[PDB]
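A.B. asks: Provided hereafter are the protein sequence and its experimental coordinates.
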Amino acid sequence: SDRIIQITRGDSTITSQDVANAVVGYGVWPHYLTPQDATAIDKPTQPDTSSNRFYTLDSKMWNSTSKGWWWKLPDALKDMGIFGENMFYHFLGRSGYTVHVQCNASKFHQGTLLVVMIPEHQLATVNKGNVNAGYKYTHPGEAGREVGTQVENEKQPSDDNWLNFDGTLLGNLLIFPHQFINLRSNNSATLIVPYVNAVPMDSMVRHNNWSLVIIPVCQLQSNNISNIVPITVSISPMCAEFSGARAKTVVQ
Amino acid sequence: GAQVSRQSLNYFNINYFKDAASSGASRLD
Amino acid sequence: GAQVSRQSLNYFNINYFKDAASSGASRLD
Amino acid sequence: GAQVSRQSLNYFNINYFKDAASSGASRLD
Amino acid sequence: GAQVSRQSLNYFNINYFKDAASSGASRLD
Amino acid sequence: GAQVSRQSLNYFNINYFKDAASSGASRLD
Amino acid sequence: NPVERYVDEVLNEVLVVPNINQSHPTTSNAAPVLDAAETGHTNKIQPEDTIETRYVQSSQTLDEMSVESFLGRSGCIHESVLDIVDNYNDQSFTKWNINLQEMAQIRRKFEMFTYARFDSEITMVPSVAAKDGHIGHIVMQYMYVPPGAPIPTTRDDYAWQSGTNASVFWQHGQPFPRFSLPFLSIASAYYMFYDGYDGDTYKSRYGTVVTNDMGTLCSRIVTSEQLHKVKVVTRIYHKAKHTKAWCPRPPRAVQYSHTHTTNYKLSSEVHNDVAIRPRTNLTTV
Amino acid sequence: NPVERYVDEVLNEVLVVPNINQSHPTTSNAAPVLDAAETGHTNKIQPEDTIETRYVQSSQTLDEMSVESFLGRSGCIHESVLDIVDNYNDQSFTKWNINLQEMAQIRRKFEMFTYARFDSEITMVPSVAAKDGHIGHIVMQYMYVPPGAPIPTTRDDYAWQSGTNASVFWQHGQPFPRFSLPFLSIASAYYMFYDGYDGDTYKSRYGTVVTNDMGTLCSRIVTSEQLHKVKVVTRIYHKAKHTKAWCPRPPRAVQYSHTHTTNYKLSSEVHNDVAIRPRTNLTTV
Amino acid sequence: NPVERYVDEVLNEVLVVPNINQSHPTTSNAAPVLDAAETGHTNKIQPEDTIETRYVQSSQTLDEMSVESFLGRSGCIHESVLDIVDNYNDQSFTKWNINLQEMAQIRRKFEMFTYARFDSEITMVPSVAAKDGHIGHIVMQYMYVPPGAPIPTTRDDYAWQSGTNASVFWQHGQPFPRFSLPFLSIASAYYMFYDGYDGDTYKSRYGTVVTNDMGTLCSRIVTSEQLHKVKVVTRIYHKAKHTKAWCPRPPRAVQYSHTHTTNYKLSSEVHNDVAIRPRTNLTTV
Amino acid sequence: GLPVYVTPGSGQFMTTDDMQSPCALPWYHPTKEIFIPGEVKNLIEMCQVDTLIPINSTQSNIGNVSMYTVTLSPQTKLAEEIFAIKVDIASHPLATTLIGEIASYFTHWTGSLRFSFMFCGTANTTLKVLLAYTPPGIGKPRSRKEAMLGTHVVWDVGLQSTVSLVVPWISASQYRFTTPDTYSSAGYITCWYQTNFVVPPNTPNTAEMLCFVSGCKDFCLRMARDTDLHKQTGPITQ
Amino acid sequence: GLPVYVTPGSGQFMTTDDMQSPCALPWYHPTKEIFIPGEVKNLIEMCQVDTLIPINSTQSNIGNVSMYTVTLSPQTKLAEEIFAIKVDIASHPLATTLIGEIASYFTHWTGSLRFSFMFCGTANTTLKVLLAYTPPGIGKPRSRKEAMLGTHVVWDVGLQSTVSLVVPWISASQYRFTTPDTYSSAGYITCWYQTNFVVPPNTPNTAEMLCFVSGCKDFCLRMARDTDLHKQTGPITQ
Amino acid sequence: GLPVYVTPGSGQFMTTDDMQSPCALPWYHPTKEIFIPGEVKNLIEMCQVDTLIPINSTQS
Ligand SMILES: Cc1cc(CCCOc2c(C)cc(-c3coc(C)n3)cc2C)on1
Ligand SMILES: Cc1cc(CCCOc2c(C)cc(-c3coc(C)n3)cc2C)on1
Ligand SMILES: Cc1cc(CCCOc2c(C)cc(-c3coc(C)n3)cc2C)on1
Ligand SMILES: *C(=O)CCCCCCCCCCCCC
Ligand SMILES: *C(=O)CCCCCCCCCCCCC
Ligand SMILES: *C(=O)CCCCCCCCCCCCC
Ligand SMILES: *C(=O)CCCCCCCCCCCCC
Ligand SMILES: *C(=O)CCCCCCCCCCCCC
Ligand SMILES: [Zn+2]
């Protein structure tokens, strides 16, 4: 059936019996760095199955007033087993991902989530002059950020979902790799994205390559509101490889 | 852009720019 | 720097300087 | 407008404009 | 002063004056 | 006025005007 | 054939749009008009699928819509001012930290892409205003100072010797100066956006300021002090050549406020901050 | 042979007129001189048919009478004035809604056809009048603003950045600026006349104003305010290249009064309004 | 193939750097990392010898690092001043004993070699400052006077006739003058350094002044005295072409004090005289 | 030397000229190009991707995601109008969509537009809607019967959530102006209830609908111009 | 004459242009070239030669040859730090070395660096030292254990007096700025006692060490610029 | 560079000259030409058509 999907990565297998196909970002499947594009000269470490597996983040609750959520990669996985360890023990890292967003309800519920993967989502601050988003705020980890909850601070990024948190209109986010989780049609979204950057490998501690943004464009509604409807995200690194081994970087 | 003819009387109908609008007056007929 | 084609309609794609950055707009596709 | 002769000593009697009046002094005889 | 190569990609390494000092930067190696 | 030699190293000894006095310095010997 | 290709260039018919084919009535259990936007794909339905079309030969071309064409137009990126008011030595030279972020028109176009790689053509338009009447003989010097090279602190600084740096001297009356610059980045492409920092602390810088340092442009009136004061304004124009772009993104919807950042300001009446004109209601066209 | 054709171009002998052949006396029941103008056709009688002609070899050519030649001469179509009187910011820039209707000389020639298709060559002749004595360093900017693009409202408007629009910068002392423009219409030909409206109500516009919108030409003195005031008059000249024309019509017989309309005014003595000189009577030559 | 070589020139890929090859773990009695600097040779160990490297294809080129490139940039070597103050006849002409020792920027680069052979390209940038308001019609004469030729002692000296010497006349408004000079030495190469004297006595001269005499450059304003005084500053730029260099040496570490000599001055706090920034201690990075 | 004739235009600087110029950095070798996914070679590639139309952009909705949704509900009157907009690619509310934004960088447009709609109600909510395109030369339809006489699609909501209506290029001229021009106004698109929004008991009585737009295989833009959908009212500083 | 179009840029003087110009001395025949040993054709040749690092350039040592030596001696505490410097080619104390000086005439650099050390103690003095390179993205190591986790060489002093540590090119970008730039800082090199400085009786209890640096086969500089390691604060007179 | 001799006439603008000039709208593709009846290629075509003479053009 075209409604079913099984994704196996390492020791993890994920299923969904109500999918809306899958999207491969920019039509390129993740792959290891080739010698023609490489620059760092040391032999890379490739953890394989111990790193390229599904890691499930903290679930979020979707309710009638939710404004959205976002996570940044690789930041969201910095504390996820072997993948996390490798990104702090090495200066350079490189990886692709399989993002599987999960959200089931019922045939009597309605709502629509816009799931987008944005490359170089450089957040903006509002009405704060040339003060830019603070490192701490763009590195929330697996908890991600719940839009419209954070008590503002000077280095606090924008929480304007309609302006993509960066000064562009929400309706045009569809130009980026995306999928919709329309409760009447599917209960999950799957996006496979390759490594995208102007350099072959980069510091995973100070450069977030992709940003996962989830915005409910159609409010969650039903006649059984007491039943909590969560949103769960499972991300699996792909072709993760690291370079420049040394001591473990400790942030903060 | 050079239309080189030969007869010797060689003709060089050069077009210096890449847009047709740029060329001079048209030939006749 | 001259790419001389022939068809006669001869094309002369001359590159006057020695650095690639110096050339004009790129061709398409 | 090019009258190319060869002998090598090649002659190029170029006519830059399209009207006969435009050319320089006439040859003799 | 013209070093005409062919490959068509024809090269014209012209030397406009009669003294070697007059030419531009040297080639390499 | 073009004395085209070939060796390829092609020489173009052009005489732009029609009077011998107009040419540049003479060759030697 | 490079000559046929050449003709296409002259006529601008390198990229032709497809024709519309004649279609007919249909009664099928295959419904092209129905699909699922959830997939993240655009339904590729064409006019022939929804109505009965006639055959039409298309003569439109997409040449002008190419990235080379879109970004291949020279636009202003800086207006340098040298206003001689009361101190020639201090007011006859200046410097600018180069960037393509100060003028909204070209900035917005480049920012419709995440990464871009191109060579640059810079053309300068100097205009000398005779504040006191005469302009004399104005000769300008524009010196490109790569990051690290010594920046002149006086109009007679030794750095102006330009022993290695590239300087362009312009003489009033002569045509506008112009030169080309190869792709300058240390990376494979320029970052139009950069979700990164130059460190991992609360005080680390964020954005393209971390990656896009192109150096400094130092200008000076070479001519020594003259009786009559002048105000020289040099406008720098930039054009992208041999361009490549990656990962398209939404166009800037609000005004820019600063360089190297996506920051913006919102008023109490946000509809005034965007180009969206409020509708009376859903049925009022 | 393109070389023989070339020689014809140089000598202007591409289109030769026929020869006159020798004729003789005739006595026939075939009367070429008699016909019927009612048919709407012109009797094709030639001199050999009415008199006894000699043989004459014609050497006349019709090259100069070609449409390309007739419309291929540069004529003035606009005189732009920038007169600095008392406010530099307001008086240093202007705009013009482009059209070929403001100057009678070229307008009349184009209007001898119903439709015309051509490329344009624009040449500009700027002249700076030194009202106070010196002119300083004048640099002009002519920006073509297609319909829809933002029109600058001040001399420092961001639109002058010309990030996409085509701007031409001229420096006083340098040769007259000149550029070519491809056939600009959204239709297959330009309408010289248009018996139509942009709607079906009493207030709908009538004529070519509905179809011939070519945008706006915005000019500005780039140089900042100078001590001495100047009056810059830029005359725009237009020439048609690679021309095609359809359906010839009668030449304008009365003076033009407005653009985009055939409207005219008549005095009480109409003979003064037309080029017809009153005859004394039918037999006074 | 001269065409393939040509492409390499355009792309600047004439000199490519080697690739990094993949290496593996080793356990051997051959220790490349160990050597003896006493030999005066540099240990040629490469990254593959000390760590496990991956295979990487190099795309870097050394073209820009060539001697031709390093010394092939035009830098200022002299600033000639003709300041008309109160005596036109005396102040309208001057002379300079040619040398490449007066401007630190290019001097330091050439002095990184012991001997150098090259042709020279001289470009001059004259700027006329209107001290009193108008500049009139300025025409300059730059005459090269080889050692031995008569040096003009007045602005109307017969030597200005330039019957044999090479003179360059420049007219204000015309492009910057420029000419080439063949390798001028009587030896096979120019001495950048010379551990010798022009004799064997206590009063013999020491250094390059003995070997590097290039003559004198004599300048004069050709125009006769004008009402308004001007200050003409002519900056001479020099570029090396078709260069060859021998025996590289350490770069100048302290400021230059005089021409043709390595002499220098030291303050009581020598760390201020060199570019070395004092370290706090051995472990403070 | 070779006799030359300096032609008019010499020395001028035309922002759209295509000339060569010396390189300020001779011998410099650019950084090696690496493969980066997502290369764009022509803007048409961006015009063929669906983006949301801020169709419900009433003053109160602007600044809210709700400006992108149209609400549907059980009707008491038959054949009611749901929405109506102009088809003109750069008119509002189409202006800020990706295709509208790009079209605003050009003067002329041509081709067919593809409008898609995705129903967001429950899986148990049914509905039949009529989407119509009214060619120019007439006012927007006042009733379903009037609209129905033009180009239209009857959308039946079911397993497949999305439908597409194609606005064919029906014009006198081969191109139209991107900027609002009476002579080149392209017409209207209206939406009407074909049957009705029906739901079982205990099911939300309203539902949202999303609207998309993109260009068909024949879409084409011409004559580059600066956009009027973005401005700079002051200096952009550091 | 031939119609021409004068292009923008005409008449300008760009210090890096590459044009031809008439020769002021026609007919002149240059002096015959003779063979001179030591011809240099590319600056890379100079970058591949070892030069001493003024590593001990403390204010008191500058102006003394001692600024070029590091002193070693018997330790009472194990794994003590000996020295630490930045790997950045144009940073201090690397700046005044031949490779640092040449790199300062360019804007970008890439490649691997070769650091060599020569022990100058007596033939009877033994020692084992750990030389480490710490890639960026972390502070300089605070201990031998921390340093040891990165790239390193354990040097055993013996018959062969010199050892070489290669700092591999480990970077995100293909090039780095020669001038101090946060984004392109290359890391650190630290030296620690692996065992200890040991000597027999009647042998000096301290010894010196010399430090060298040069570029590997992949070292490369780009974008010529004027150096900031030398200035002119006044006229240079006769 | 190639030595040149600037000839008299240079820089002038003659309304009847025939030169080339750069195109302000590069890449622009003109609207397709369609068949329109009545094309005129030479004014002689109009001179060969009969038109009425206002022969009785007395002031009245
Ligand atoms: C992204 C991105 C790409 C760039 C490069 C812009 C080019 O900037 C320069 C300008 C305007 C002038 C010169 C320059 C060089 O030489 C002279 C005289 N001026 C050099 C550069 C790099 O900046 N940001
Ligand atoms: C019929 C018909 C045909 C036309 C086109 C006339 C051309 O008008 C223009 C002029 C005079 C100048 C420019 C222009 C473009 O770029 C610059 C600097 N000026 C552009 C146009 C379209 O107008 N009516
Ligand atoms: C070493 C070394 C090599 C040289 C030669 C420098 C070139 O100097 C000259 C300059 C600046 C101008 C002229 C010159 C010749 O003709 C004119 C008008 N000016 C001639 C020379 C030799 O000087 N030191
Ligand atoms: C046409 O498409 C290109 C036009 C090129 C202009 C340059 C014309 C001069 C060519 C001289 C070449 C001489 C041949 C050896
Ligand atoms: C390309 O690498 C060199 C470019 C040379 C520029 C000069 C072009 C004109 C050539 C005219 C030669 C005529 C042939 C006999
Ligand atoms: C004659 O009818 C046309 C005159 C063309 C003028 C241009 C002459 C220069 C031709 C250079 C071509 C070089 C050949 C490869
Ligand atoms: C070299 O020794 C002589 C250099 C001649 C300069 C003129 C170059 C232009 C030649 C054009 C000839 C076109 C061929 C038919
Ligand atoms: C000699 O008698 C006539 C000199 C002609 C001067 C023009 C030289 C340039 C020729 C270019 C022709 C290019 C060949 C196709
Ligand atoms: Zn005056």
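C.D. replies: That came through fine. Numbering: from 1, shown residues only, chains lettered A, B, ... in the order given. Ligands and ions are numbered 1, 2, ... in the order given.
A.B. asks: So which residues of the chain form strands?
C.D. replies: All of this is about chain A. Here chain A has its strands, by DSSP state E, at A:5-9, A:12-16, A:23-24, A:55-56, A:60-62, A:69-73, A:90-102, A:110-119, A:145-146, A:178-182, A:188-193, A:210-221, A:229-245.
A.B. asks: should've been chain G
C.D. replies: Taking DSSP E as the test, the strands found in chain G are G:34-35, G:75-83, G:93-97, G:113-130, G:139-145, G:166-171, G:178-181, G:190-191, G:216-221, G:230-248.
A.B. asks: related to what we said a few turns ago, okay if I get the strands of chain A as JSON lines plus distance to chain I and mean neighbour count?
C.D. replies: To be clear about C-beta, it is placed using only N, CA and C from the backbone, and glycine gets the same treatment. Output for the strands of chain A, formatted as JSON lines (distance: least, C-beta to the nearest C-beta, whole Å; neighbours: other C-beta atoms under 10 Å in any protein chain shown):
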{"stretch": "strand A:5-9", "distance to chain I": "25", "mean neighbour count": "15"}
{"stretch": "strand A:12-16", "distance to chain I": "29", "mean neighbour count": "15"}
{"stretch": "strand A:23-24", "distance to chain I": "27", "mean neighbour count": "19"}
{"stretch": "strand A:55-56", "distance to chain I": "27", "mean neighbour count": "18"}
{"stretch": "strand A:60-62", "distance to chain I": "40", "mean neighbour count": "16"}
{"stretch": "strand A:69-73", "distance to chain I": "24", "mean neighbour count": "23"}
{"stretch": "strand A:90-102", "distance to chain I": "12", "mean neighbour count": "25"}
{"stretch": "strand A:110-119", "distance to chain I": "24", "mean neighbour count": "26"}
{"stretch": "strand A:145-146", "distance to chain I": "36", "mean neighbour count": "18"}
{"stretch": "strand A:178-182", "distance to chain I": "35", "mean neighbour count": "26"}
{"stretch": "strand A:188-193", "distance to chain I": "24", "mean neighbour count": "25"}
{"stretch": "strand A:210-221", "distance to chain I": "25", "mean neighbour count": "24"}
{"stretch": "strand A:229-245", "distance to chain I": "8", "mean neighbour count": "22"}
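A.B. asks: In CSV, list those along with distance to residue K:99.
C.D. replies: Converted to CSV, those look like this (distance: least, C-beta to C-beta, whole Å):
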stretch, distance to residue K:99
strand A:5-9, 47
strand A:12-16, 50
strand A:23-24, 46
strand A:55-56, 45
strand A:60-62, 54
strand A:69-73, 39
strand A:90-102, 23
strand A:110-119, 38
strand A:145-146, 47
strand A:178-182, 50
strand A:188-193, 41
strand A:210-221, 39
strand A:229-245, 22
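A.B. asks: ok, residue A:194 - how many residues close by?
C.D. replies: The local packing of residue A:194 (other C-beta atoms under 10 Å in any protein chain shown) involves 22 other residues.
A.B. asks: roughly how far apart are it and residue J:35?
C.D. replies: 10 Å (C-beta to C-beta, to the nearest Å).
A.B. asks: so how far is chain I from residue G:245?
C.D. replies: To chain I, residue G:245 is 21 Å away according to C-beta to the nearest C-beta, to the nearest Å.
A.B. asks: Could you report the neighbour count for residue G:80?
C.D. replies: Residue G:80 has 18 neighbours, counted by other C-beta under 10 Å.
A.B. asks: Just list the residues touching residue A:69, thanks.
C.D. replies: A:60, A:144-147, A:213-214, A:231 (C-beta atoms under 8 Å, 6 or more residues apart in numbering or on different chains).
A.B. asks: How about it: which residues does it bridge to?
C.D. replies: Beta-bridge pairing for residue A:69 (DSSP bridges): residue A:146, residue A:214.
A.B. asks: how near is it to residue A:148?
C.D. replies: Applying C-beta to C-beta to residue A:69 and residue A:148 gives a distance of 10 Å.
A.B. asks: Also residue G:228?
C.D. replies: Distance, residue G:228 to residue A:148, using C-beta to C-beta: 62 Å.
A.B. asks: Who has more neighbours out of those two?
C.D. replies: Each of residue G:228 and residue A:148 has its neighbours counted (other C-beta under 10 Å); residue G:228 has more, 20 against 12.
A.B. asks: number of nearby residues for the nearest residue to the more buried one once chain neighbours are set aside?
C.D. replies: Nearest non-adjacent residue to residue G:228, counting by C-beta to C-beta, 6 or more residues apart in numbering or on different chains: residue G:132, 3.8 Å away. Residue neighbour count, defined by other C-beta under 10 Å, stands at 17 for residue G:132.
A.B. asks: pretty sure residue G:132 is touching residue G:229, no?
C.D. replies: Yes. Assessed by C-beta atoms under 8 Å, residue G:132 is found in contact with residue G:229 at 5.1 Å.
A.B. asks: Neighbours of residue J:227, how many?
C.D. replies: Residues near residue J:227, counting by other C-beta under 10 Å: 25.
A.B. asks: That should have said residue G:28, apologies.
C.D. replies: As a burial measure, residue G:28 scores 6 neighbours (other C-beta under 10 Å).
A.B. asks: Same check on residue G:75?
C.D. replies: Using other C-beta under 10 Å: residue G:75 sits among 23 other residues.
A.B. asks: Roughly how far does whichever residue of the stretch 101-250 of chain A sits closest to ligand 3 sit from residue K:86?
C.D. replies: Residue nearest to ligand 3 within the stretch 101-250 of chain A: residue A:199 (44.4 Å; C-beta to the nearest ligand atom). Distance check for residue A:199 against residue K:86: by C-beta to C-beta, it reads 21 Å.
A.B. asks: cool, and residue A:92?
C.D. replies: To residue K:86, residue A:92 is 19 Å away according to C-beta to C-beta.
A.B. asks: cool, residue A:35 as well?
C.D. replies: According to C-beta to C-beta, residue A:35 and residue K:86 sit 29 Å apart.
A.B. asks: between the two, which one's more packed in?
C.D. replies: Shown here are residue A:35 and residue K:86; by other C-beta under 10 Å, residue K:86 has more neighbours (18 against 14).
A.B. asks: and residue 137, what does it touch?
C.D. replies: This is for chain A. Per C-beta under 8 Å, 6+ apart, neighbours of residue A:137: A:145, A:153, A:155-157.
A.B. asks: Correction: the question concerned chain G.
C.D. replies: Going by C-beta under 8 Å, 6+ apart, residue G:137 touches G:171-172, G:223, I:127-130, I:135, I:138, I:172.
A.B. asks: I'd like to know which of those residues is nearest to chain H.
C.D. replies: residue G:172 (6.4 Å; C-beta to the nearest C-beta).
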